[PDB]
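These notes concern the structure reproduced below.
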């Protein structure tokens, strides 16, 4: 499946991530959008976590939603 549009449904995950994490801002959000890697980076940027911890939270939140593609 091709990458879905970042319009409308994006407002959902923008909010969703900002509930689960929250440290990330709307600018951080738009860089992520649906990239697993980008969220990993953002977690390591906004909080300053390690890759281990960042992907730990990413995978968890991922499986909760899974609307990544």
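In the deposited numbering, the protein residues as written are 1 to 69.
The C-beta atom is built at its ideal place from N, Cα and C for all residues, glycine as well.
Item to complete: Go ahead and label residue 52 buried or exposed: buried means 16 or more other beta carbons lie within 10 angstroms of its beta carbon, across all protein chains shown.
Response: With fewer than 16 other Cβ atoms within 10 Å, it is exposed.
Item to complete: For my contact list, residue 28 and residue 46 are in at a C-beta cut-off of 8 Å; report their separation, rounded to the angstrom.
Response: Their Cβ separation, rounded to whole angstroms, is 6 Å, which keeps residue 28 and residue 46 in contact under 8 Å.
Worksheet item: When the Cα of residue 30 is compared with those of 23, 58, 21, 10, which residue comes out closest?
Response: In terms of Cα proximity to residue 30, the closest of 23, 58, 21, 10 is 10.
Worksheet item: From residue 12 to residue 43, what does the alpha carbon distance come to, in whole angstroms?
Response: For residue 12 and residue 43, the distance between alpha carbons rounds to 19 Å.
Discussion item. For residue 59 and residue 68, what's the separation of their Cα atoms in angstroms?
Written reply: Going from the Cα of residue 59 to the Cα of residue 68 covers about 11 Å.
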